[PDB]
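Structure file start.pdb (PDB, C-alpha atoms and all ligand atoms) is printed below.
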ATOM      1  CA  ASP A 260      89.076 114.541 117.544  1.00  0.00           C
ATOM      2  CA  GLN A 261      88.660 114.476 113.787  1.00  0.00           C
ATOM      3  CA  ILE A 262      87.665 111.340 111.879  1.00  0.00           C
ATOM      4  CA  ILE A 263      87.364 112.064 108.223  1.00  0.00           C
TER       5      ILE A 263
ATOM      6  CA  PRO B   1     103.535  96.670 101.187  1.00  0.00           C
ATOM      7  CA  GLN B   2     102.786  99.572  98.904  1.00  0.00           C
ATOM      8  CA  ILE B   3      99.076 100.378  98.665  1.00  0.00           C
ATOM      9  CA  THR B   4      97.888 102.542  95.775  1.00  0.00           C
ATOM     10  CA  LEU B   5      94.684 104.512  96.045  1.00  0.00           C
ATOM     11  CA  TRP B   6      92.774 103.656  92.892  1.00  0.00           C
ATOM     12  CA  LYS B   7      90.472 101.556  95.134  1.00  0.00           C
ATOM     13  CA  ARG B   8      89.613 102.031  98.798  1.00  0.00           C
ATOM     14  CA  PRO B   9      92.542 100.891 101.000  1.00  0.00           C
ATOM     15  CA  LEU B  10      90.619  98.092 102.683  1.00  0.00           C
ATOM     16  CA  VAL B  11      92.560  95.504 104.651  1.00  0.00           C
ATOM     17  CA  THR B  12      91.750  92.639 106.967  1.00  0.00           C
ATOM     18  CA  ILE B  13      92.103  93.223 110.698  1.00  0.00           C
ATOM     19  CA  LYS B  14      91.834  90.830 113.610  1.00  0.00           C
ATOM     20  CA  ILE B  15      90.343  91.992 116.922  1.00  0.00           C
ATOM     21  CA  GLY B  16      88.887  89.727 119.637  1.00  0.00           C
ATOM     22  CA  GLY B  17      89.911  86.700 117.495  1.00  0.00           C
ATOM     23  CA  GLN B  18      87.645  87.834 114.734  1.00  0.00           C
ATOM     24  CA  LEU B  19      88.462  88.972 111.245  1.00  0.00           C
ATOM     25  CA  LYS B  20      86.936  92.217 109.998  1.00  0.00           C
ATOM     26  CA  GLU B  21      87.528  94.585 107.059  1.00  0.00           C
ATOM     27  CA  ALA B  22      88.791  98.108 107.778  1.00  0.00           C
ATOM     28  CA  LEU B  23      89.889 101.201 105.856  1.00  0.00           C
ATOM     29  CA  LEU B  24      93.399 102.611 106.282  1.00  0.00           C
ATOM     30  CA  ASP B  25      92.488 106.239 106.901  1.00  0.00           C
ATOM     31  CA  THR B  26      95.146 108.965 107.079  1.00  0.00           C
ATOM     32  CA  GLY B  27      92.347 111.499 107.630  1.00  0.00           C
ATOM     33  CA  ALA B  28      91.348 109.915 110.914  1.00  0.00           C
ATOM     34  CA  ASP B  29      93.090 110.769 114.177  1.00  0.00           C
ATOM     35  CA  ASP B  30      91.683 107.678 115.834  1.00  0.00           C
ATOM     36  CA  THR B  31      90.570 104.130 115.061  1.00  0.00           C
ATOM     37  CA  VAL B  32      86.787 103.623 115.028  1.00  0.00           C
ATOM     38  CA  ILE B  33      85.153 100.182 114.832  1.00  0.00           C
ATOM     39  CA  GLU B  34      81.546  99.087 114.504  1.00  0.00           C
ATOM     40  CA  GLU B  35      79.673  97.867 117.569  1.00  0.00           C
ATOM     41  CA  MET B  36      81.417  94.858 119.102  1.00  0.00           C
ATOM     42  CA  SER B  37      82.382  93.511 122.480  1.00  0.00           C
ATOM     43  CA  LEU B  38      85.724  94.502 123.923  1.00  0.00           C
ATOM     44  CA  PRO B  39      87.189  93.791 127.350  1.00  0.00           C
ATOM     45  CA  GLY B  40      87.699  96.222 130.094  1.00  0.00           C
ATOM     46  CA  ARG B  41      86.330  99.571 131.078  1.00  0.00           C
ATOM     47  CA  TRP B  42      85.543 102.292 128.614  1.00  0.00           C
ATOM     48  CA  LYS B  43      85.596 106.089 128.683  1.00  0.00           C
ATOM     49  CA  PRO B  44      83.430 108.558 126.776  1.00  0.00           C
ATOM     50  CA  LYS B  45      84.614 110.315 123.662  1.00  0.00           C
ATOM     51  CA  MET B  46      83.122 112.385 120.916  1.00  0.00           C
ATOM     52  CA  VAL B  47      84.571 112.418 117.478  1.00  0.00           C
ATOM     53  CA  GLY B  48      83.783 114.608 114.551  1.00  0.00           C
ATOM     54  CA  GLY B  49      83.556 113.761 110.904  1.00  0.00           C
ATOM     55  CA  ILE B  50      82.181 115.243 107.793  1.00  0.00           C
ATOM     56  CA  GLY B  51      78.582 115.206 108.844  1.00  0.00           C
ATOM     57  CA  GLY B  52      78.909 116.115 112.538  1.00  0.00           C
ATOM     58  CA  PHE B  53      79.916 114.448 115.791  1.00  0.00           C
ATOM     59  CA  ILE B  54      79.147 111.001 117.187  1.00  0.00           C
ATOM     60  CA  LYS B  55      79.526 109.493 120.671  1.00  0.00           C
ATOM     61  CA  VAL B  56      81.851 106.502 120.915  1.00  0.00           C
ATOM     62  CA  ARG B  57      83.175 104.166 123.632  1.00  0.00           C
ATOM     63  CA  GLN B  58      86.936 104.449 124.143  1.00  0.00           C
ATOM     64  CA  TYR B  59      88.796 101.248 124.991  1.00  0.00           C
ATOM     65  CA  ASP B  60      92.510 101.532 125.639  1.00  0.00           C
ATOM     66  CA  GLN B  61      95.327  99.048 125.152  1.00  0.00           C
ATOM     67  CA  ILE B  62      93.400  96.700 122.794  1.00  0.00           C
ATOM     68  CA  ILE B  63      95.305  94.053 120.836  1.00  0.00           C
ATOM     69  CA  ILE B  64      94.632  94.347 117.142  1.00  0.00           C
ATOM     70  CA  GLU B  65      96.297  92.931 114.051  1.00  0.00           C
ATOM     71  CA  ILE B  66      96.202  95.109 110.919  1.00  0.00           C
ATOM     72  CA  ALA B  67      97.114  93.460 107.617  1.00  0.00           C
ATOM     73  CA  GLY B  68      99.260  91.055 109.584  1.00  0.00           C
ATOM     74  CA  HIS B  69     100.967  93.723 111.695  1.00  0.00           C
ATOM     75  CA  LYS B  70     100.503  93.671 115.455  1.00  0.00           C
ATOM     76  CA  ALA B  71      99.345  96.757 117.283  1.00  0.00           C
ATOM     77  CA  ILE B  72      98.124  97.448 120.837  1.00  0.00           C
ATOM     78  CA  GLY B  73      96.291 100.676 121.358  1.00  0.00           C
ATOM     79  CA  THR B  74      93.090 102.652 121.590  1.00  0.00           C
ATOM     80  CA  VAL B  75      89.995 101.528 119.764  1.00  0.00           C
ATOM     81  CA  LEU B  76      86.804 103.599 119.667  1.00  0.00           C
ATOM     82  CA  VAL B  77      83.530 101.724 119.216  1.00  0.00           C
ATOM     83  CA  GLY B  78      80.480 103.446 117.738  1.00  0.00           C
ATOM     84  CA  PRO B  79      78.302 104.107 114.720  1.00  0.00           C
ATOM     85  CA  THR B  80      80.827 104.524 111.953  1.00  0.00           C
ATOM     86  CA  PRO B  81      79.939 103.834 108.333  1.00  0.00           C
ATOM     87  CA  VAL B  82      83.060 101.666 107.875  1.00  0.00           C
ATOM     88  CA  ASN B  83      85.693 100.345 110.247  1.00  0.00           C
ATOM     89  CA  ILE B  84      88.507 102.944 110.227  1.00  0.00           C
ATOM     90  CA  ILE B  85      92.173 102.460 111.119  1.00  0.00           C
ATOM     91  CA  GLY B  86      93.371 105.931 112.037  1.00  0.00           C
ATOM     92  CA  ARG B  87      96.709 107.470 112.711  1.00  0.00           C
ATOM     93  CA  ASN B  88      97.043 106.188 116.295  1.00  0.00           C
ATOM     94  CA  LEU B  89      97.460 102.654 114.868  1.00  0.00           C
ATOM     95  CA  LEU B  90      98.870 103.529 111.471  1.00  0.00           C
ATOM     96  CA  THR B  91     101.930 104.870 113.281  1.00  0.00           C
ATOM     97  CA  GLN B  92     102.294 101.614 115.222  1.00  0.00           C
ATOM     98  CA  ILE B  93     102.439  99.595 111.987  1.00  0.00           C
ATOM     99  CA  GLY B  94     104.949 102.086 110.492  1.00  0.00           C
ATOM    100  CA  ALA B  95     102.746 103.484 107.728  1.00  0.00           C
ATOM    101  CA  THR B  96     103.727 106.529 105.748  1.00  0.00           C
ATOM    102  CA  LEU B  97     102.230 108.422 102.844  1.00  0.00           C
ATOM    103  CA  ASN B  98     104.594 108.804  99.891  1.00  0.00           C
ATOM    104  CA  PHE B  99     104.561 110.805  96.713  1.00  0.00           C
TER     105      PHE B  99
ATOM    106  CA  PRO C   1     108.033 113.395 100.095  1.00  0.00           C
ATOM    107  CA  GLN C   2     107.556 110.787 102.772  1.00  0.00           C
ATOM    108  CA  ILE C   3     104.971 111.927 105.257  1.00  0.00           C
ATOM    109  CA  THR C   4     104.791 110.258 108.662  1.00  0.00           C
ATOM    110  CA  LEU C   5     101.516 110.065 110.446  1.00  0.00           C
ATOM    111  CA  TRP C   6     102.428 111.268 113.900  1.00  0.00           C
ATOM    112  CA  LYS C   7     100.441 114.403 113.130  1.00  0.00           C
ATOM    113  CA  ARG C   8      97.694 115.204 110.643  1.00  0.00           C
ATOM    114  CA  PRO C   9      99.072 115.132 107.066  1.00  0.00           C
ATOM    115  CA  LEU C  10      98.295 118.696 106.118  1.00  0.00           C
ATOM    116  CA  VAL C  11      99.591 120.306 102.937  1.00  0.00           C
ATOM    117  CA  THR C  12      99.132 123.575 101.062  1.00  0.00           C
ATOM    118  CA  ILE C  13      96.971 123.452  97.980  1.00  0.00           C
ATOM    119  CA  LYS C  14      96.194 126.028  95.303  1.00  0.00           C
ATOM    120  CA  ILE C  15      92.650 125.903  93.994  1.00  0.00           C
ATOM    121  CA  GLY C  16      90.703 128.581  92.133  1.00  0.00           C
ATOM    122  CA  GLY C  17      93.586 130.992  92.585  1.00  0.00           C
ATOM    123  CA  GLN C  18      93.498 130.599  96.373  1.00  0.00           C
ATOM    124  CA  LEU C  19      95.881 128.989  98.819  1.00  0.00           C
ATOM    125  CA  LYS C  20      94.325 126.664 101.330  1.00  0.00           C
ATOM    126  CA  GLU C  21      95.470 124.034 103.821  1.00  0.00           C
ATOM    127  CA  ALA C  22      94.093 120.543 103.247  1.00  0.00           C
ATOM    128  CA  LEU C  23      94.341 117.058 104.730  1.00  0.00           C
ATOM    129  CA  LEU C  24      95.640 114.149 102.664  1.00  0.00           C
ATOM    130  CA  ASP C  25      92.858 111.629 103.330  1.00  0.00           C
ATOM    131  CA  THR C  26      93.130 108.043 102.172  1.00  0.00           C
ATOM    132  CA  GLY C  27      89.760 107.330 103.764  1.00  0.00           C
ATOM    133  CA  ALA C  28      87.918 109.741 101.456  1.00  0.00           C
ATOM    134  CA  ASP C  29      86.712 108.785  98.003  1.00  0.00           C
ATOM    135  CA  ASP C  30      86.232 112.399  97.097  1.00  0.00           C
ATOM    136  CA  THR C  31      87.907 115.815  97.521  1.00  0.00           C
ATOM    137  CA  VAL C  32      85.812 118.219  99.627  1.00  0.00           C
ATOM    138  CA  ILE C  33      86.667 121.906 100.092  1.00  0.00           C
ATOM    139  CA  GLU C  34      85.060 124.582 102.273  1.00  0.00           C
ATOM    140  CA  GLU C  35      82.850 127.142 100.637  1.00  0.00           C
ATOM    141  CA  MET C  36      84.439 128.952  97.719  1.00  0.00           C
ATOM    142  CA  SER C  37      83.586 129.853  94.161  1.00  0.00           C
ATOM    143  CA  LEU C  38      84.798 127.736  91.272  1.00  0.00           C
ATOM    144  CA  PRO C  39      84.229 128.262  87.527  1.00  0.00           C
ATOM    145  CA  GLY C  40      81.882 126.238  85.295  1.00  0.00           C
ATOM    146  CA  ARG C  41      78.891 124.091  85.891  1.00  0.00           C
ATOM    147  CA  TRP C  42      78.032 122.159  89.004  1.00  0.00           C
ATOM    148  CA  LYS C  43      75.465 119.725  90.279  1.00  0.00           C
ATOM    149  CA  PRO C  44      74.281 118.905  93.754  1.00  0.00           C
ATOM    150  CA  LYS C  45      75.552 115.875  95.652  1.00  0.00           C
ATOM    151  CA  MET C  46      75.311 114.360  99.115  1.00  0.00           C
ATOM    152  CA  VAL C  47      78.455 112.984 100.688  1.00  0.00           C
ATOM    153  CA  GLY C  48      78.646 111.109 103.928  1.00  0.00           C
ATOM    154  CA  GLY C  49      80.928 109.937 106.602  1.00  0.00           C
ATOM    155  CA  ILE C  50      81.038 109.909 110.377  1.00  0.00           C
ATOM    156  CA  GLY C  51      78.187 111.975 111.669  1.00  0.00           C
ATOM    157  CA  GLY C  52      76.044 111.679 108.508  1.00  0.00           C
ATOM    158  CA  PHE C  53      75.799 113.573 105.245  1.00  0.00           C
ATOM    159  CA  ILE C  54      76.341 117.066 103.918  1.00  0.00           C
ATOM    160  CA  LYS C  55      75.086 118.649 100.717  1.00  0.00           C
ATOM    161  CA  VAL C  56      77.798 119.869  98.359  1.00  0.00           C
ATOM    162  CA  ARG C  57      78.243 121.324  94.885  1.00  0.00           C
ATOM    163  CA  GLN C  58      80.119 119.028  92.499  1.00  0.00           C
ATOM    164  CA  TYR C  59      82.486 120.688  89.997  1.00  0.00           C
ATOM    165  CA  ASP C  60      84.203 118.531  87.428  1.00  0.00           C
ATOM    166  CA  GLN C  61      87.534 119.061  85.636  1.00  0.00           C
ATOM    167  CA  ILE C  62      89.026 121.407  88.240  1.00  0.00           C
ATOM    168  CA  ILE C  63      92.794 121.906  88.352  1.00  0.00           C
ATOM    169  CA  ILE C  64      94.426 121.890  91.776  1.00  0.00           C
ATOM    170  CA  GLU C  65      98.066 122.056  92.852  1.00  0.00           C
ATOM    171  CA  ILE C  66      98.732 119.804  95.858  1.00  0.00           C
ATOM    172  CA  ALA C  67     102.021 120.407  97.647  1.00  0.00           C
ATOM    173  CA  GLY C  68     103.357 121.514  94.251  1.00  0.00           C
ATOM    174  CA  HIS C  69     101.941 118.666  92.126  1.00  0.00           C
ATOM    175  CA  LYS C  70      99.210 119.520  89.591  1.00  0.00           C
ATOM    176  CA  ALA C  71      96.192 117.333  89.206  1.00  0.00           C
ATOM    177  CA  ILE C  72      92.763 117.588  87.589  1.00  0.00           C
ATOM    178  CA  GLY C  73      89.532 116.111  88.847  1.00  0.00           C
ATOM    179  CA  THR C  74      86.219 116.557  90.588  1.00  0.00           C
ATOM    180  CA  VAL C  75      86.052 118.876  93.591  1.00  0.00           C
ATOM    181  CA  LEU C  76      83.101 118.981  95.980  1.00  0.00           C
ATOM    182  CA  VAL C  77      82.413 122.313  97.712  1.00  0.00           C
ATOM    183  CA  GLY C  78      80.370 122.652 100.875  1.00  0.00           C
ATOM    184  CA  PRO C  79      80.333 122.843 104.651  1.00  0.00           C
ATOM    185  CA  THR C  80      83.077 120.357 105.451  1.00  0.00           C
ATOM    186  CA  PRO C  81      84.853 120.915 108.797  1.00  0.00           C
ATOM    187  CA  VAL C  82      88.251 120.253 107.176  1.00  0.00           C
ATOM    188  CA  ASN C  83      89.464 120.630 103.551  1.00  0.00           C
ATOM    189  CA  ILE C  84      90.211 117.102 102.416  1.00  0.00           C
ATOM    190  CA  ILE C  85      92.113 115.731  99.439  1.00  0.00           C
ATOM    191  CA  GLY C  86      90.618 112.364  98.681  1.00  0.00           C
ATOM    192  CA  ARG C  87      91.647 109.410  96.564  1.00  0.00           C
ATOM    193  CA  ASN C  88      90.371 110.882  93.301  1.00  0.00           C
ATOM    194  CA  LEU C  89      93.241 113.379  93.430  1.00  0.00           C
ATOM    195  CA  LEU C  90      95.734 111.443  95.593  1.00  0.00           C
ATOM    196  CA  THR C  91      96.105 108.922  92.786  1.00  0.00           C
ATOM    197  CA  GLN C  92      96.981 111.649  90.317  1.00  0.00           C
ATOM    198  CA  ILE C  93      99.914 112.887  92.344  1.00  0.00           C
ATOM    199  CA  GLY C  94     101.118 109.295  92.775  1.00  0.00           C
ATOM    200  CA  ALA C  95     100.445 109.000  96.489  1.00  0.00           C
ATOM    201  CA  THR C  96     100.746 105.613  98.140  1.00  0.00           C
ATOM    202  CA  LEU C  97     100.543 104.136 101.624  1.00  0.00           C
ATOM    203  CA  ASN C  98     103.637 102.214 102.620  1.00  0.00           C
ATOM    204  CA  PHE C  99     104.406  99.932 105.536  1.00  0.00           C
TER     205      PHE C  99
HETATM  206 CL    CL D 301      97.710  98.615  96.084  1.00  0.00          CL
HETATM  207 CL    CL D 302      97.692 105.741  94.341  1.00  0.00          CL
HETATM  208 CL    CL D 303      94.716 127.591  90.874  1.00  0.00          CL
HETATM  209 CL    CL D 304      75.655 124.729  86.947  1.00  0.00          CL
HETATM  210 NA    NA D 305      83.744 121.835  85.266  1.00  0.00          NA
END

Now that the file is in, can you turn its structure into structure tokens?
Ligand SMILES: [Cl-]
Ligand SMILES: [Cl-]
Ligand SMILES: [Cl-]
Ligand SMILES: [Cl-]
Ligand code: NA
Amino acid sequence: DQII
Amino acid sequence: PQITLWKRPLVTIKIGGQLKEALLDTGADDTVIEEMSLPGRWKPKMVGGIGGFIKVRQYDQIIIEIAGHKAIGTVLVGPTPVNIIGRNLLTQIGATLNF
Amino acid sequence: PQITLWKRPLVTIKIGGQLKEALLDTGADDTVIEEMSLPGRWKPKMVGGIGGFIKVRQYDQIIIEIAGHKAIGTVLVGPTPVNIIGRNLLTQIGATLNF
């Protein structure tokens, strides 16, 4: 997962 | 509402009966909140951001209000710089990006 | 367009004569692109988010085309895991969040  | 992006898109959320500030973040798959107490069991997750990966606690089926809109879904708890509302809950409140 | 948030909001950009894919990111103050060359002067910067900080090169007054809309602004170049279009350029193409 990507949190940006 | 229509939220322009000249300032950070910060809104008030309510989780566990408490008000917090959070960022509406279309770049985030998931919702990540600062350390707090949530009910239930949690599962492990790692999530990646611009500086690398962090470990978080995944809590499912959490009741959360976002700018007055009710949602029930997954909340990750861990060391985030800012509370982030990601796409898993932005879709529940019917948010779109428009240009 | 109206972009729903069921999946990552990825668009094609043109920057420095190159086509790239990038994420429309309301949670980012700044625009951060993977390593590439850009013309003119630059200065070093640290930018942070989940996982910590990365060092980047800051180039000002760079023209980009974002899903066919031209904008000018600051672009940060460095080891970001994802190309991100942040608020500094989202405003210029008239992007809003709507719910
Ligand atoms: Cl606004
Ligand atoms: Cl805007
Ligand atoms: Cl170009
Ligand atoms: Cl220089
Ligand atoms: Na320049």

Residues in the PyMOL selection byres (((chain C and resi 50-57) around 8) and not hetatm), expressed as JSON, numbers by chain: {"A": [262, 263], "B": [48, 49, 50, 51, 52, 53, 54, 79, 80, 81], "C": [42, 43, 44, 45, 46, 47, 48, 49, 58, 59, 76, 77, 78, 79, 80]}

Mobile chain C fitted to chain B over all in-order Cα pairs, reported as a PDB file with C-alpha atoms, in the coordinates of the input:
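Saved the output as out.pdb:
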ATOM      1  CA  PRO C   1     103.188  96.396 101.012  1.00  0.00           C
ATOM      2  CA  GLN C   2     102.747  99.366  98.737  1.00  0.00           C
ATOM      3  CA  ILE C   3      99.101 100.246  98.433  1.00  0.00           C
ATOM      4  CA  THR C   4      97.942 102.430  95.552  1.00  0.00           C
ATOM      5  CA  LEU C   5      94.958 104.631  95.997  1.00  0.00           C
ATOM      6  CA  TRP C   6      92.948 103.870  92.900  1.00  0.00           C
ATOM      7  CA  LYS C   7      90.471 102.111  95.167  1.00  0.00           C
ATOM      8  CA  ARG C   8      89.713 102.336  98.874  1.00  0.00           C
ATOM      9  CA  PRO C   9      92.648 100.957 100.920  1.00  0.00           C
ATOM     10  CA  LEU C  10      90.812  98.185 102.695  1.00  0.00           C
ATOM     11  CA  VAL C  11      92.583  95.526 104.739  1.00  0.00           C
ATOM     12  CA  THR C  12      91.629  92.647 107.023  1.00  0.00           C
ATOM     13  CA  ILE C  13      92.066  93.222 110.719  1.00  0.00           C
ATOM     14  CA  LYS C  14      91.729  90.919 113.718  1.00  0.00           C
ATOM     15  CA  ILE C  15      90.289  92.566 116.800  1.00  0.00           C
ATOM     16  CA  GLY C  16      88.694  90.944 119.842  1.00  0.00           C
ATOM     17  CA  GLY C  17      88.995  87.551 118.191  1.00  0.00           C
ATOM     18  CA  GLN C  18      87.004  88.702 115.154  1.00  0.00           C
ATOM     19  CA  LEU C  19      87.981  89.330 111.561  1.00  0.00           C
ATOM     20  CA  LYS C  20      86.800  92.581 110.089  1.00  0.00           C
ATOM     21  CA  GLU C  21      87.504  94.702 107.017  1.00  0.00           C
ATOM     22  CA  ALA C  22      88.797  98.202 107.720  1.00  0.00           C
ATOM     23  CA  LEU C  23      89.954 101.288 105.838  1.00  0.00           C
ATOM     24  CA  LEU C  24      93.480 102.628 106.272  1.00  0.00           C
ATOM     25  CA  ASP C  25      92.668 106.290 106.954  1.00  0.00           C
ATOM     26  CA  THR C  26      95.387 108.906 107.151  1.00  0.00           C
ATOM     27  CA  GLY C  27      92.726 111.551 107.722  1.00  0.00           C
ATOM     28  CA  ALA C  28      91.592 110.006 111.018  1.00  0.00           C
ATOM     29  CA  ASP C  29      93.284 110.712 114.324  1.00  0.00           C
ATOM     30  CA  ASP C  30      91.586 107.755 115.900  1.00  0.00           C
ATOM     31  CA  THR C  31      90.607 104.134 115.132  1.00  0.00           C
ATOM     32  CA  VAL C  32      86.820 103.631 115.048  1.00  0.00           C
ATOM     33  CA  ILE C  33      85.154 100.212 114.766  1.00  0.00           C
ATOM     34  CA  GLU C  34      81.491  99.248 114.382  1.00  0.00           C
ATOM     35  CA  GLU C  35      79.664  97.905 117.378  1.00  0.00           C
ATOM     36  CA  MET C  36      81.368  94.983 119.074  1.00  0.00           C
ATOM     37  CA  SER C  37      82.364  93.937 122.554  1.00  0.00           C
ATOM     38  CA  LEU C  38      85.883  94.491 123.822  1.00  0.00           C
ATOM     39  CA  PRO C  39      87.363  93.574 127.227  1.00  0.00           C
ATOM     40  CA  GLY C  40      88.204  96.005 130.050  1.00  0.00           C
ATOM     41  CA  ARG C  41      87.103  99.448 130.969  1.00  0.00           C
ATOM     42  CA  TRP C  42      85.817 102.138 128.674  1.00  0.00           C
ATOM     43  CA  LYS C  43      84.752 105.744 128.758  1.00  0.00           C
ATOM     44  CA  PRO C  44      82.468 107.747 126.539  1.00  0.00           C
ATOM     45  CA  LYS C  45      83.799 110.016 123.804  1.00  0.00           C
ATOM     46  CA  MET C  46      82.486 112.114 120.937  1.00  0.00           C
ATOM     47  CA  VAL C  47      84.316 111.979 117.638  1.00  0.00           C
ATOM     48  CA  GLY C  48      83.593 114.111 114.641  1.00  0.00           C
ATOM     49  CA  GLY C  49      84.146 114.472 110.995  1.00  0.00           C
ATOM     50  CA  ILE C  50      82.095 115.214 107.911  1.00  0.00           C
ATOM     51  CA  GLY C  51      78.468 115.212 108.862  1.00  0.00           C
ATOM     52  CA  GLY C  52      79.053 115.905 112.583  1.00  0.00           C
ATOM     53  CA  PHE C  53      79.744 113.780 115.633  1.00  0.00           C
ATOM     54  CA  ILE C  54      78.996 110.315 116.933  1.00  0.00           C
ATOM     55  CA  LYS C  55      79.176 108.978 120.470  1.00  0.00           C
ATOM     56  CA  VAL C  56      81.585 106.090 120.973  1.00  0.00           C
ATOM     57  CA  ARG C  57      83.065 103.935 123.721  1.00  0.00           C
ATOM     58  CA  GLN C  58      86.815 104.402 124.173  1.00  0.00           C
ATOM     59  CA  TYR C  59      88.855 101.293 125.062  1.00  0.00           C
ATOM     60  CA  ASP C  60      92.534 101.689 125.775  1.00  0.00           C
ATOM     61  CA  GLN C  61      95.380  99.176 125.357  1.00  0.00           C
ATOM     62  CA  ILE C  62      93.616  96.990 122.785  1.00  0.00           C
ATOM     63  CA  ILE C  63      95.679  94.671 120.588  1.00  0.00           C
ATOM     64  CA  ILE C  64      94.785  94.553 116.903  1.00  0.00           C
ATOM     65  CA  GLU C  65      96.397  92.775 113.958  1.00  0.00           C
ATOM     66  CA  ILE C  66      96.307  94.931 110.813  1.00  0.00           C
ATOM     67  CA  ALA C  67      97.063  93.114 107.571  1.00  0.00           C
ATOM     68  CA  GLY C  68      99.246  90.810 109.684  1.00  0.00           C
ATOM     69  CA  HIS C  69     101.053  93.474 111.750  1.00  0.00           C
ATOM     70  CA  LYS C  70     100.304  93.637 115.496  1.00  0.00           C
ATOM     71  CA  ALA C  71      99.762  96.926 117.207  1.00  0.00           C
ATOM     72  CA  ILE C  72      98.368  98.134 120.529  1.00  0.00           C
ATOM     73  CA  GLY C  73      96.387 101.276 121.164  1.00  0.00           C
ATOM     74  CA  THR C  74      93.066 102.955 121.767  1.00  0.00           C
ATOM     75  CA  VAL C  75      90.039 101.721 119.834  1.00  0.00           C
ATOM     76  CA  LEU C  76      86.761 103.632 119.655  1.00  0.00           C
ATOM     77  CA  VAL C  77      83.588 101.558 119.200  1.00  0.00           C
ATOM     78  CA  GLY C  78      80.325 102.969 117.913  1.00  0.00           C
ATOM     79  CA  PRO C  79      78.066 103.604 114.949  1.00  0.00           C
ATOM     80  CA  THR C  80      80.664 104.440 112.323  1.00  0.00           C
ATOM     81  CA  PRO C  81      79.603 103.754 108.708  1.00  0.00           C
ATOM     82  CA  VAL C  82      83.024 102.237 107.926  1.00  0.00           C
ATOM     83  CA  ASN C  83      85.644 100.558 110.177  1.00  0.00           C
ATOM     84  CA  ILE C  84      88.620 102.888 110.090  1.00  0.00           C
ATOM     85  CA  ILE C  85      92.233 102.449 111.146  1.00  0.00           C
ATOM     86  CA  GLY C  86      93.490 105.867 112.084  1.00  0.00           C
ATOM     87  CA  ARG C  87      96.897 107.372 112.708  1.00  0.00           C
ATOM     88  CA  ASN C  88      97.157 106.126 116.289  1.00  0.00           C
ATOM     89  CA  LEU C  89      97.587 102.601 114.917  1.00  0.00           C
ATOM     90  CA  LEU C  90      98.966 103.387 111.435  1.00  0.00           C
ATOM     91  CA  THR C  91     102.118 104.725 113.062  1.00  0.00           C
ATOM     92  CA  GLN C  92     102.631 101.495 114.959  1.00  0.00           C
ATOM     93  CA  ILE C  93     102.692  99.378 111.834  1.00  0.00           C
ATOM     94  CA  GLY C  94     105.106 101.850 110.220  1.00  0.00           C
ATOM     95  CA  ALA C  95     102.734 103.202 107.598  1.00  0.00           C
ATOM     96  CA  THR C  96     103.778 106.214 105.566  1.00  0.00           C
ATOM     97  CA  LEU C  97     102.457 108.266 102.666  1.00  0.00           C
ATOM     98  CA  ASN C  98     104.869 108.493  99.770  1.00  0.00           C
ATOM     99  CA  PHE C  99     104.911 110.603  96.632  1.00  0.00           C
TER     100      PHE C  99
END

Å distance separating CA of residue 84 (chain B) from CA of residue 22 (chain B), one decimal place: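 Value for the CA of residue 84 (chain B)-CA of residue 22 (chain B) distance: 5.4 Å.
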
Output check: residues returned by the PyMOL selection byres (((not hetatm)) within 10 of (chain D and resi 303)), as a list in words: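 This file gives the following for the PyMOL selection byres (((not hetatm)) within 10 of (chain D and resi 303)): residues 13, 14, 15, 16, 17, 18, 19, 38, 62, 63, 64, 65 and 70 of chain C.
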
Could you tell me which residues of chain C sit within 8 Å of chain B when counting all atoms listed in the file, and give me the result as a short mmCIF file (atom, residue, chain, number, x, y, z; two decimals) with C-alpha atoms, keeping the file's coordinate frame?
data_model
loop_
_atom_site.label_atom_id
_atom_site.label_comp_id
_atom_site.auth_asym_id
_atom_site.auth_seq_id
_atom_site.Cartn_x
_atom_site.Cartn_y
_atom_site.Cartn_z
CA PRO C 1 108.03 113.40 100.10
CA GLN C 2 107.56 110.79 102.77
CA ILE C 3 104.97 111.93 105.26
CA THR C 4 104.79 110.26 108.66
CA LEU C 5 101.52 110.06 110.45
CA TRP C 6 102.43 111.27 113.90
CA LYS C 7 100.44 114.40 113.13
CA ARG C 8 97.69 115.20 110.64
CA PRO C 9 99.07 115.13 107.07
CA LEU C 23 94.34 117.06 104.73
CA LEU C 24 95.64 114.15 102.66
CA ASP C 25 92.86 111.63 103.33
CA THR C 26 93.13 108.04 102.17
CA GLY C 27 89.76 107.33 103.76
CA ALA C 28 87.92 109.74 101.46
CA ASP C 29 86.71 108.78 98.00
CA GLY C 48 78.65 111.11 103.93
CA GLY C 49 80.93 109.94 106.60
CA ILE C 50 81.04 109.91 110.38
CA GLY C 51 78.19 111.98 111.67
CA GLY C 52 76.04 111.68 108.51
CA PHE C 53 75.80 113.57 105.24
CA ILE C 54 76.34 117.07 103.92
CA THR C 80 83.08 120.36 105.45
CA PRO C 81 84.85 120.92 108.80
CA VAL C 82 88.25 120.25 107.18
CA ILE C 84 90.21 117.10 102.42
CA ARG C 87 91.65 109.41 96.56
CA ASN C 88 90.37 110.88 93.30
CA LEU C 90 95.73 111.44 95.59
CA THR C 91 96.10 108.92 92.79
CA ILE C 93 99.91 112.89 92.34
CA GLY C 94 101.12 109.30 92.78
CA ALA C 95 100.44 109.00 96.49
CA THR C 96 100.75 105.61 98.14
CA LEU C 97 100.54 104.14 101.62
CA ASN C 98 103.64 102.21 102.62
CA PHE C 99 104.41 99.93 105.54
#

Let me see if you get this right: every residue at most 6 Å from ligand NA 305 (chain D), counting only C-alpha atoms and all ligand atoms, written as a compact mmCIF listing (two decimals) with C-alpha atoms, in the frame of the given file.
# COMPACT_ATOMS: atom_id res chain seq x y z
CA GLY C 40 81.88 126.24 85.30
CA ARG C 41 78.89 124.09 85.89
CA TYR C 59 82.49 120.69 90.00
CA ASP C 60 84.20 118.53 87.43
CA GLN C 61 87.53 119.06 85.64
